[PDB]
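> the amino acid sequence is not available; the structure is as follows:
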């Protein structure tokens, strides 16, 4: 008379999660508000 | 008289999740608000 | 007299999820609000 | 007298999901609000 | 006297889903609001 | 013996120029690359 | 014996120029690359 | 014996120039690369 | 015997220039690379 | 025998220049690279 229940609400085996964020709100280039040249 | 229930609400085996975000709201190029040249 | 139930509400085996977002709201090119040249 | 039920509400085996988004709301080209040249 | 039910509400085997979105609301070309040249 | 020449190559009096561009390459509505719902 | 020449190459009096660009390459609405819902 | 030349190459009187750019490459709305919901 | 030349190469009187750029490459709204919800 | 030349190469009287740049490459809204919720 055995029972053997395995009711683990969440069972996870060999899970591999990678969350990668790169370059979020980053500036790798020029941002210039104004360029003014040769103004008389 | 065995039972053997395995009622794990969520059972996950060998899951591999990759969430990749790149270049979200990023500027890799020029943003210039104004260029003004040769103004007299 | 065996039973052998396997009622896991969610059963996942060997799932591979890739969520990839690239270049979302990103500027890789020039954005210029105004270019003004040769104005007298 | 066996039973052998396998009523997992969701059963997934060897699923591979790829969600790819690229270039969503991204500018890879020039956007210029105005170009004004040779104005007297 | 066996039973052998397999009533998994959703059963998925070897599913491969690819959702690909590219170039959604993206500008790879020039957008110029105005070009004005040679105005006197 | 008067002369009174007025040879101005370009003579402009009381000119009013309005160049208006609105909504050029602009999205005021939804753009969705894919909607997928209820897929099994 | 007067002369009175007025040969100004470009003569401009009371010129009013308005160059207006609004909403050039701008998104005021939603852009979604993918919406995926209820996928099993 | 007067002369009275007024050969100014460019003569400008009472010029009013307004260059306005608004909302050039700007996002005032949502841009979402992916929305994924209810995926099993 | 007067002369009275006024050959100023560029003559500007009462010029008013307004260059306004607003919201150039600016985000006033949400940009989300991915939203993932309810994934098992 | 007067002369009275006024050949100033650039002559500017009562010029008013306003160059205004606001919100150039600025984020006033949320940018989120990923939101992941309810992942098992």
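Great, that's in hand. Numbering: from 1, shown residues only, chains lettered A, B, ... in the order given.

> how many residues are close by the residue nearest to residue A:14 when sequence neighbours are not counted?
Excluding the flanking residues, the one nearest residue A:14 by C-beta to C-beta, 6 or more residues apart in numbering or on different chains is residue B:14, at 4.7 Å. From N, CA and C alone the C-beta is placed, and that goes for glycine too. Residue B:14 is flanked by 14 other residues according to other C-beta atoms under 10 Å in any protein chain shown.

> now swap in residue A:8 and tell me
Neighbour tally, residue A:8, other C-beta under 10 Å: 14.

> give me phi/psi at it?
phi -80, psi 120 (degrees, to the nearest 10).

> if I pick the residue nearest to residue A:14, what's in contact with it?
A:13, A:14, A:15, C:13, C:14, C:15 (C-beta atoms under 8 Å, 6 or more residues apart in numbering or on different chains).

> quick check, the first one in contact with residue B:8.
No - with contacts defined as C-beta atoms under 8 Å, residue A:13 does not count as touching residue B:8, sitting 10.5 Å away.

> residue contacts, the nearest residue to residue A:7 once chain neighbours are set aside?
Distance criterion C-beta to C-beta, 6+ apart; nearest residue to residue A:7, sequence neighbours excluded, is residue B:7 at 4.8 Å. Residues counted as contacts of residue B:7 (C-beta under 8 Å, 6+ apart) are A:5, A:6, A:7, C:5, C:6, C:7, C:8, C:9.

> and those, which is closest to residue B:33?
Of all the contacts of residue B:7, residue C:9 has the smallest distance to residue B:33: 55.0 Å, by C-beta to C-beta.

> can you give me the strands for chain A?
Taking DSSP state E as the criterion, chain A contains strands spanning A:10-13, A:16-24, A:31-39.

> what separates the shortest one from the chain centre, distance-wise?
Remark: strand A:10-13 is offset 23 Å from the chain centroid, using C-alpha atoms, centre = their mean, to the nearest Å.

> could you see whether chain I lies near that strand?
No - judged by C-beta under 8 Å from any C-beta of the partner chain, strand A:10-13 stays clear of chain I, getting no closer than 9.7 Å.

> what pairs with that strand, and is each one parallel or antiparallel?
Strand pairing for strand A:10-13, determined by DSSP bridges: strand B:10-13 (parallel).

> can you give the contact residues for the partner strand?
A:9-15, C:8-15, D:8, I:40, J:40.

> from the residues you listed, list the buried ones, please.
Buried members of the contacts of strand B:10-13, counted by 16 or more other C-beta atoms under 10 Å in any protein chain shown: A:11, C:8, C:9, C:10, C:11, C:12, C:13, C:15, D:8, I:40, J:40.

> excluding chain neighbours, what is closest to the second one?
This means residue C:8. residue B:11 (4.1 Å).

> beta partners for residue A:12?
residue B:12.

> returning to what we had before: looking at the contacts of residue B:7, which one is closest to chain I?
Closest to chain I out of those is residue C:9 (9.2 Å), distances taken as C-beta to the nearest C-beta.

> so who does the one residue sitting closest to the centre of chain A touch?
For chain A, the residue nearest the mean C-alpha position is residue A:21 (3.4 Å; C-alpha atoms, centre = their mean). Shown in contact with residue A:21 (C-beta under 8 Å, 6+ apart): B:21, B:22, B:24, I:33, J:33, J:34.

> from those, which is closest to chain F?
residue I:33 (14.1 Å).

> got the contact list for the closest one?
So residue I:33 contacts A:21, A:24, B:21-22, B:24, C:21, C:24, H:32-34, J:32-34 (C-beta under 8 Å, 6+ apart).
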